Amino acid sequence: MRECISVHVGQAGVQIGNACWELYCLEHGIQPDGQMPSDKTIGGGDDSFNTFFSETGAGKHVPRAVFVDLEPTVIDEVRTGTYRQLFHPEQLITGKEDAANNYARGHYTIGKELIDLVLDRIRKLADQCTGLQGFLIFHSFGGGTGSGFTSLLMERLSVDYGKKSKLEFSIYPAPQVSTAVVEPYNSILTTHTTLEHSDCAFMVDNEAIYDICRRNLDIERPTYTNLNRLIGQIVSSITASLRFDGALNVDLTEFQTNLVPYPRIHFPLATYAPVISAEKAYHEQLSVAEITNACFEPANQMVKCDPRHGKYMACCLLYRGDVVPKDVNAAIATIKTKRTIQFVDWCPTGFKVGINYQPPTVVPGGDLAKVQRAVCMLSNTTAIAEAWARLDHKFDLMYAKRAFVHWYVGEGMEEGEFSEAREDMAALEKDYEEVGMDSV
Amino acid sequence: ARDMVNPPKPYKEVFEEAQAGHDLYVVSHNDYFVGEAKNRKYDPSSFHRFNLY
Amino acid sequence: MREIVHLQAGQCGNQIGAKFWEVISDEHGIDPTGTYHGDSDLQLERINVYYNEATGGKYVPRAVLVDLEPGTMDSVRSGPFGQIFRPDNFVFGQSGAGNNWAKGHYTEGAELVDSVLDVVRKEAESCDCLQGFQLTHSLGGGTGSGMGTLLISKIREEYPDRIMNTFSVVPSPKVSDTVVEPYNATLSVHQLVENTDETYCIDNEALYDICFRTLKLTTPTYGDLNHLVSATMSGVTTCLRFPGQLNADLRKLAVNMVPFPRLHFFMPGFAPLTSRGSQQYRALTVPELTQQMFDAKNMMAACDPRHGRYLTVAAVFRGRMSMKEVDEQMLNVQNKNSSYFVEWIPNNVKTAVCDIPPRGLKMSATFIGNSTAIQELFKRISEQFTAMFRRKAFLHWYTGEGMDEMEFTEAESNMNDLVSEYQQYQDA
Amino acid sequence: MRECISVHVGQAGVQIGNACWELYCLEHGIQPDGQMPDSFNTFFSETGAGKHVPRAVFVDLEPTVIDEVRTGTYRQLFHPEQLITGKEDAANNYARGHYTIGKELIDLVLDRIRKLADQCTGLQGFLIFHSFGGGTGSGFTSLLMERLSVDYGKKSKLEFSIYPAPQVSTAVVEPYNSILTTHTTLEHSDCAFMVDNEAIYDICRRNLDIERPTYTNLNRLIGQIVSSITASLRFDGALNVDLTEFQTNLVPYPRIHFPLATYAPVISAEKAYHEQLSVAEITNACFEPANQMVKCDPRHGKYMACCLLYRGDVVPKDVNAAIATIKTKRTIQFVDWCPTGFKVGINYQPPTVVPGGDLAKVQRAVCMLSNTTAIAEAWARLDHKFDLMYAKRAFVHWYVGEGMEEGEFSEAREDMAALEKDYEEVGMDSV
Amino acid sequence: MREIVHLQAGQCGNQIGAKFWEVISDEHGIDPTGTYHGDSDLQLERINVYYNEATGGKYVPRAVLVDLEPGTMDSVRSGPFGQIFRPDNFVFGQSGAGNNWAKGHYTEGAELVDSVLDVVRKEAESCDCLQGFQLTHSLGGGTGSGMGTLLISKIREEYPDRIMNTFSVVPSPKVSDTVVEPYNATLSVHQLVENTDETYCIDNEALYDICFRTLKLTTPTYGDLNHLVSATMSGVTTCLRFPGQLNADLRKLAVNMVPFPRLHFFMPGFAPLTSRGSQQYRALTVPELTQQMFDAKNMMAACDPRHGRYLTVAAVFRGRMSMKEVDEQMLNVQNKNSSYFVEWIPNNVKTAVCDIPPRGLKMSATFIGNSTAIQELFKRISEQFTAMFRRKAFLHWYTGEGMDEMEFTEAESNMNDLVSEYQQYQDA
């Protein structure tokens, strides 16, 4: 039971999506080719793999993911890499062009030719499975394939399935620096259609995951493949209450009342607490009374703004490992007495724990040392309004001459979105704080 | 010679000649590598790379 | 499936277009007979970008050698890698033409153009996903930049969104190799700016000083500067044939690059080039190579960057790198250089990092900048028409075929339409 | 439980702790890999694996002195984030030090203060170490304690110095430093820093017979004093001394918080075992001017109060015999309105001696702690050295060029002259 | 970290610059091929102060040479240790300055002082954090003093708070070297007082008389003199590279030394320097350094410190040693002279220590001092300028270049400014 769909669309999330499927196959006995390695072959007693995988009778296990992107290059190394012996080769849809950052090159001109194929697979997977729980869509916010092309594939399941959950795992646009030049303009494209459907997100950027690599990790000047593993870990902690049972486990339908107060504030943080090497884990003990605070450190949270100007609204300390529940309320009552962690005045409910009994999952080929404890922190905070304050303002200083619009109007897109979405983006930033200080 | 923007070197010889400083480079400057950690020396019994810690 | 259809024209582009195929075939393991000799795997699996495949297990290019005078095409057939091509598309004629724009588009190039474009039609109508064109020409004469507008005009009449990628060698400031050069160069600006999307503009003068100062070459012959241009040829095509971590085709390298429909001209550049003497003395990194990308000397077209603000710098990286080092050290070049970038764009740069670099060093690079400062190239050539035009100098050839002075006055404004808009947008 | 947290500041103060944390580590059975080859919990955190880590934060702006700690033989002891290094020197300039240079390192050095002390149960002090001459030994600690007075309040801070000798010193600019690390840190400070080291040089010539000491050889003895103060925290005695207890005892008035120290049974290895070091002998060996760790004349000052602290095998009827020996004896001047005089301290555990040192395994020991009515006299002529510089306003442009106002010195001097005259007010007799 | 960037200037600069990089290179164990072949461990971790790395484990010095006559440039490269600088850093002029800085900096060097910042600004932004600069010159010549007053001046604009440390050789009492020296040292003080944070003065007969009596050396050329200035060269800079009980880098001296900021000239010296024949007979102790360091034989200036009073004195005592012997020996020299130390600084005496000797001696020490009677160095230069400038004896060779008459009197009053401030602070 308790299964979920993991489509990996757009280049950023399909490459982090290449990084999750190492991690699941390591936890169980599933090899890349799906055969248990001639010993520790199950008779069939357990059903631990059913959240993310499925079984074909020969002994080979089959995953549940779909790799779609119109780019031909990036899917082509999972048909020839170390993981070609894993998927189903009808899941893999390739194509002819990239995004080229044009909204109609993912929603009106090129993405309209591929839509009967991609809808006929998410319903093909779901009829084999018993009782569904949510979606795991891996899309970033930049391009016309990351952000233009998830809005086409979010707007059709939510009229197909209706009341299913949505979860996402990718990179937020940094406020200061980026790579794609039309990215100030670009994210507001997905928010016209994917705010009444989206119930989950990612809050902050890959910029600050460089700096955890500097300090807590003992590495100097990392790549992008270190980004993919650390984002890949918190995937296996949110989805750990669906095949591994503990004290307090949450299915993915409960999060649309945990974390969404009003219909337009629906996003988490992500913070793995003991992200440290061997050379510091040997020196330091890491009990529960500090890995709760290590989540609430201004450094270790993934945020490129000040947390000290933020008031935490609905945190959710999802623990995991060898933990004992007296240590938790010894640690949370420690937290709400601390004056610097300011909260929301009209919600003393606030916290929401989750306890489980499997260790942190290492993967060989990395920095990590083994720790007995780890904890995720999905936390809806206040301060991120400052980050949406500059991103639509980043649209506003090329708004005079309307630079870069010559290809949107060139290929299949109108100007009509570019004012209505901005005031709707202005409607999103005002609504954290037009309710932020009312009942005084 | 007309061609020095693409000098005639094989990939293995290029890699082996470019990884020339064995230990002197990281001591004498911050010799960055793409995705590599820092290894302070440790005693034999004390620090294992991954053990019960 | 990000395809490119190639051509050559003029004497200047025929050579560098021929010296295109020396650089690309060494990357991909091909022997001039057409046997794959490379030992690496990745040379083959995107070979159909530039190549058809020949029956019997053999490989063959995708280009059309044409020019009006037959010495050059007969010179390349005797060349180093001459025997690679297809002999049906050499449209070479024994006849000549005297660098006159008039006859080459109304009489003498009108007989030729159907045989010229029926083989650009051949290689395209049997294609999977066509995406662009590549025509190597040069700005001066009546055959090079005369015929550059001939081989682009009838194309856009059918191809809706295909992105042409030409390469043009500009007139140098100090010297001249044609008297009637402003009288023919501005004649193609009437059509090229309407239609071209990439013109990698090249000065001949700046090509010597890189050889004099960095390379310390006293004598750069023509076997050198073609091999210097040829790097930025196959440096932009890294994310068209190879894996990489930040991939873009010629369209994404136009939606990022092109802001307004007429300011679209590219400046070449190759980073890890150094003389033989001081090569051991130099140690390269991602911080060290980013100097040679952003150096004042490593630009193939001579202008002054300190007299203009960059619109969109796009440097493609190739090799095995750290990608904080890509992004943290392409902001440090933007923070420390503040006033020389436009204030109405918050991030002025874009990287592209590949997974297999072109051969010669471990850590190669190629830097492509779209400045504003190339208006001083535009000021001198547009001046050289009008201050030579106060006496009605050379009209008695071109008026045998109907090139009236009503044309040559208004096309000069279409050069100065470009000057007025950089001044419109330098102070914004 | 009854712990402290030690922060070693400046090159004059980190180099204290290198020989101090030699001594605390060998005083337990702890090899610097952390492994033994519950009463020690006053100073160490313990992992699950069995690793010992001290409660230490090492802070300096010159990276040389911290780097020798990291690559030496104690690399396996510290968490290598406890070592906090700068990148430009403080350069004997608190206008550079606590205004410009320390203003960006101050976030890390407080975030380690909370995280080491978030673990601990209940504290009663801090241990801070510097001289009075360097810029980061004068200004940075003022920045490192005014935020500590605000963020903690009543919880004590204790300090220990090696002042360079006021007669012969290193820097010409050093009186510009030792006034403003006495002025600005006067209001915050509890039991604080000491007197000079020229008496340590002399006691390293007569009582310790070996000629030519180095800073390594003195720091053997400086760690002997401090551990005797924290001796009762790890091991029981028939009289036990808490460390908050030193506020109320040796401080007469809350602008006078510099009670001095010395250690009497210092003996060379040859002369150690011919003689008795009796209980009555060593207390009679504290109250002469020759045996002091203090290079001022005690004959000038009537003693306000003193603190005695015996280590080892002591029977307190001898202490009552030794206390009776001094008061009735005529030369020493216990002050007129204080008939109490003494704070006693005993402890069973013997004084530990580092191998390779010049000291002796003594059966008994005493660390004589006192406040004299001559402390203003060294404070008198120190401002005269400050008077002679600042008459023609010399060297001030290497401070007032950096963010600090021109007349800030004369605020402190008259404040210190408000300390000198009002100190002499208590010294007269009262009929 | 605290890294320093080198410079050289003129004929004296390249000679004393090349011998210094024979000194500090062999301190670390670097052969002239540049690759570290030494056995010690304490040399690599702070070699980044003065050395970039050439790839291959070869160590390239952070240095740059300049002269206006290119023969004096290339004497260095053919020498013993001239094969280590990168050849891109050999900037130069083509025609000699002719002992005229009316030519050396106003007219001739102005095209070169524009371009030689590009090597300077690129070697000195390749550091994480910057501490200073160094340049070695003499105050009589034209090529390396007037350019030395222009190489300093452009630096102060763009590094306004970094401690430049420029080294000088001052013109002689009795045996002049050029006829025009009062037109030089009186005029190379106008751009050296105002914009240099650290300067040392060195006379050549003091360098001769130390080679006349204390050394008793028979026939030494300009070879060993270039070690003698190099002996106190890095004696200041050793506490940057190696650990010590009581460290003192540049900014610890610069705070301590200068009482008032218009007085930044200094008298260097060197302590354990013994004769060659009588080397074996002399035991070396810590007090025996001190008496040999404060007598007027080891002063490196030909203007007597017995006739004046010291302001501030330091000394660093390199090598493993005990430090009670530092203290009362510095007490000993402080009370041995009362008249020689000022009234209103009580302790006039500073110390420092390092733990590593020079490779060639057991335990060494150096000197620095700031004396009163160095105004007689300032007077004697200023006296010989009153003689020549009353009859305008040599003005017309410098006049027509662009330095008019008033610019020799403004630097003369500023020169008479400097002799004035010593006399008012002497009597106290």
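Worth a mention:
Each chain carries a letter (A, B, C, D and E) given by its place in the written order, and its residues are counted from 1.
The working rule: contacts are C-beta pairs under 8 Å (C-beta built on N, C-alpha and C of every residue); 3 or more make two chains touch, one makes a residue touch a chain.
The interface with the greater count of contacting C-beta pairs, when A-B is set against B-E, is A-B.
With centres taken as mean Cα positions, chain C sits 42 Å from chain A.
If you average the CA atoms of chain A and of chain D, the two centres end up 54 Å from each other. With centres defined as mean CA coordinates, chain C is found 38 Å away from chain B. Across the assembly, chain C contributes residues 321-322, 325 that each touch 2 or more other chains. Shared interface positions of chain A, i.e. residues touching 2 or more other chains, are given as 221-223, 279, 282.
For chain B, residues touching at least two other chains, in rising order: 18, 32-35, 40, 42, 46-47, 52-53. The complete set of chain-chain contacts reads A-B, A-C, A-D, B-C, B-D, B-E, C-E, D-E. Taken together, the chain C residues at the contact with chain E in this complex read 277-278, 280-284, 287, 291. Residue ranges on chain C touching chain B, taken from their complex, read 23, 26, 40, 215, 221, 223-224, 227-228, 231, 270, 273, 276, 285, 320-322, 325, 358-362. Listing the residues of chain A that touch chain D in their complex gives 215, 279-280, 282-285, 289-290, 293, 372.
In the complex of the two chains, the chain D residues touching chain E come out as 11, 15, 62-65, 67-68, 87-89, 91-93, 165, 167-174, 198, 201, 204-205, 211-216, 385, 388-389, 391-392, 394-395, 397-398.
Put simply, chain D touches chain A in their complex at residues 34, 45-49, 51, 53, 78-81, 115, 118-119.
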